[PDB]
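Chains A and B are the protein sequences, given in the same order. Each number in the UniProt record's numbering corresponds to the 1-based position in the first sequence with 3 added. According to the UniProt record's numbering, the second sequence holds residues 3 to 252, 257 to 299 in order. Positions of the beta carbon are idealized from the N, C-alpha and C atoms, including for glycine. In what follows, a structure is listed as structure tokens, so that the remarks can point back to it.
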Amino acid sequence: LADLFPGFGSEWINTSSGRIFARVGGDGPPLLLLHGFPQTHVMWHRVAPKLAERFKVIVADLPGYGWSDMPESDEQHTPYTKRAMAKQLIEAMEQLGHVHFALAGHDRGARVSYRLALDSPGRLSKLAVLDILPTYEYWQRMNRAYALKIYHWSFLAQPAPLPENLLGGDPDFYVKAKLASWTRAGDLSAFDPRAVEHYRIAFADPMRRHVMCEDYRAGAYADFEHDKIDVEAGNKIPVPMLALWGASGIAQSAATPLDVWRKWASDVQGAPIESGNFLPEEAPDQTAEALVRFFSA
Amino acid sequence: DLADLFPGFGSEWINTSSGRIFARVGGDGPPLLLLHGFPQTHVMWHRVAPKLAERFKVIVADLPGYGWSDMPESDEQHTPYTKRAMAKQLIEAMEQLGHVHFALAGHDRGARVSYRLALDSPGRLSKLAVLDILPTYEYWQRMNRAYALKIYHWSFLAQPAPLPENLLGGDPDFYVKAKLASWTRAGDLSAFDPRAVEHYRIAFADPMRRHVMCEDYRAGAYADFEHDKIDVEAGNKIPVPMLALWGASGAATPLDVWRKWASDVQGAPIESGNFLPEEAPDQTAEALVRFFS
Ligand SMILES: [Cl-]
């Protein structure tokens, strides 16, 4: 597997829930970057070096993803809920001496990030979420058209071992089709082939695929319920926030993303970027710029 | 080899403009067509067909593209596997036997063929029974988080090819057996005759047969929905005397829903999961015999 972060160090950080793997680079204010599905920390490789010119950049594998440990799940999928992932990543940052930091997340990692902001706003100076609406908002928008357009939220959330067994026969095909289909152009051209190999190797491990299904099971159940409590309480994130999304991604599928986030946060700015669902790879210069500008302000 | 589960029934290949329909044919008296659903074949009727054939001429057909029926070549709109098209093909098949007015009971996908048949060509039917369904339009109208999770396969199997085909190919025996078990009251395969399960497994083992099933669900998400929506908007109701049966463990009651779609409908829950004719054969046969008599 290629080293896509030339000069960055590597850390295996202990937490009560297992080790978090991270690449670490740069210097300055602390900035944690969190990937999503079906990727690993290396999805940040085209923006992390630029960010590292201004920040101490921590590029972490989510709990159970990449090279992070995989805690055993339970009937409520607890370790792969965004609430639990956020707690674990807070522990990991404390191991490095970071008790207040900047955070940008993409996809599942962005879900960890806004949940972190709702549960523990004191931990964050500023927050960026990329290519998402809150989990509650996707489920509220569930109708025939949305069900057909983003089937995998219900598919991967089916009780084990149904999706696990379906994914086993030809995992390469499934993950490569997902990566391609969620891009602007519908192919793999937006990705560094070396990055695709990272994603493919991760997805080739049945234990890693099980974690991804547990992630989506949490997304269908406890994560949704946690979100529901906040929205029905009128709780908003007070942390200064940035929302970025690909204009061809599913966050804007049947919604105006900045309007959605204004329901969830009291100090949020936002913008689209011409891209599918993989902003930091499809539009790295624009993404990196928007992030540097936001976290520097 | 596969077991013969229809003693006294003949085996017929019926010609149509779209391909042969396979059927087991038994009994005498008024004609009654029985239509199965997914992921099964005509053999799911093996426990209630004999009771029915006591009073009726019973035709137990494989749906177009299913079981031993031929597989018509599909198209971009999944036309031959739309319920409108399947109904036209089965009407042609019945005409080959000289049946132009007949009784009809369907289950699951076959029940969707059946109410679509009734909407398009009510003159074909004396009486109609539908087992364990609501109209396709109603399912999609109900498709919120709870339903998206419960009947995920309506969206999964409808994804553009080859996504579901590719996934189903790895271990088809597990998928079909899990579907069969998961939709019963028992949660296992104990409600089924193992010989019937082998019929379902063998059919599902064929990639061409699984592709047909995905085309069926693609039609269900698109053209079938639009056909239903036209009727809903026009206020069209089925005039054919109608019976709706459903499994009690498989919102407005089903009969409340069917009364919006039909002007003469009776109905009853039976303690059962989805597969009424196998989980609750005696009660299903008795209810059908009484209805169709
Ligand atoms: Cl159905």
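- Residue pairing by DSSP places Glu14 of chain B opposite B:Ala25 in a beta bridge.
- Listed along chain B, the residues sitting closer than 9 Å to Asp173 of chain A by beta-carbon distance are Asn168, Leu169, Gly171 and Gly172.
- In the structure shown, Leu4 of chain A falls within a coil segment according to DSSP collapsed to helix, strand and coil.
- Residue nearest to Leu294 of chain B within the set B:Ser19, B:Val132, B:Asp30 and B:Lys181 is B:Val132 (criterion: CA-CA distance).
- A Cβ-Cβ contact shorter than 9 Å links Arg86 of chain B with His229 of chain B.
- The Cβ atoms of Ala25 of chain B and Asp64 of chain B sit closer than 9 Å to each other.
- A straight line joining the alpha-carbon of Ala148 of chain A with that of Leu282 of chain A spans about 24 Å.
- In this structure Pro52 of chain B is buried. Its beta-carbon is surrounded by 16 or more other beta-carbon atoms within 10 angstroms.
- Not one heavy atom of ligand 1 lies closer than 8 Å to the C-beta of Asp173 of chain B.
- Among the residues of chain B, those whose CB is under 8 Å from the CB of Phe176 of chain A are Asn168, following chain order.
- Within 10 angstroms of the beta-carbon of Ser13 of chain A lie fewer than 16 other beta-carbons, which makes it exposed.
- Here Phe104 of chain B carries a strand assignment [DSSP, helix/strand/coil].
- Here the alpha carbon of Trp15 of chain A sits roughly 12 Å from the alpha carbon of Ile61 of chain A.
- The three-state secondary structure of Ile240 of chain B, taken from DSSP, is strand.
- The region 110-135 of chain B is shown to contain whole beta strand (DSSP E) runs of 3 or more residues at 127-133, in chain order.
- Interface with chain A (9 Å Cβ-Cβ cutoff): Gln79 of chain B is excluded.
- Counting the other CB atoms within 10 Å of its CB gives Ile232 of chain B a total below 16, which places it among the exposed residues.
- The region 114-125 of chain B and the region 77-92 of chain B touch, with no fewer than 3 CB-CB distances between them shorter than 8 Å.
- Secondary structure remark: continuous beta strand (DSSP E) runs of at least 3 residues inside the region 214-294 of chain A, in chain order: 244-249 and 271-276.
- Listed in chain order, the non-local C-beta contacts of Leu127 of chain B below 6 Å within the same chain comprise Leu106, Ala120 and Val242, local neighbours out to five positions each way being set aside.
- Residue-level contact check: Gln91 of chain B does not touch chain A, since none of the beta carbons of chain A fall below 9 Å from its beta carbon.
- A straight line joining the alpha-carbon of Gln161 of chain B with that of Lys152 of chain A spans about 8 Å.
- With the criterion CB distance below 7 Å from any heavy atom of ligand 1, the matching residues run B:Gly39, B:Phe40, B:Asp110, B:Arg111, B:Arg114 and B:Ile135 along the chain.
- Here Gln79 of chain B really is in contact with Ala225 of chain B; their C-beta atoms are around 6 Å apart, less than 8 Å.
- At a cut-off of 9 Å, the C-beta of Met215 of chain A has no neighbouring C-beta in chain B.
- Annotation: the continuous alpha helix (DSSP H) that includes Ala148 of chain A extends over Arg147 to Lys152.
- Interface flag for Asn280 of chain B against chain A is unset, since no Cβ pair is found closer than 9 Å.
- In the DSSP annotation of this structure, the continuous segment of the alpha helix (DSSP H) that includes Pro166 of chain A starts and ends at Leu165 to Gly171.
- For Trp156 of chain A, the nearest CB of chain B lies under 9 Å from its own CB, placing it at the interface with that chain.
- According to DSSP, residue pairing for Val178 of chain B in a beta bridge does not occur.
- According to DSSP, residue pairing for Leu34 of chain A in a beta bridge involves A:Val60 and A:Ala105.
- For the C-beta of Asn238 of chain A, not a single chain B residue is nearer than 8 Å; the gap to the nearest is close to 20 Å.
- For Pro32 of chain A, same chain residues with a beta-carbon under 7 Å away, outside a window of 5 residues either side, are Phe58, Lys59 and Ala105 in chain order.
- Minimum Cα-Cα distance from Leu245 of chain A among the listed residues A:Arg22, A:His109 and A:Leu130 corresponds to A:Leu130.
- Boundaries of the alpha helix (DSSP H) around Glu94 of chain A: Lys85 to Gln98.
- When DSSP states are grouped into helix, strand and coil, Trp185 of chain B belongs to the coil group.
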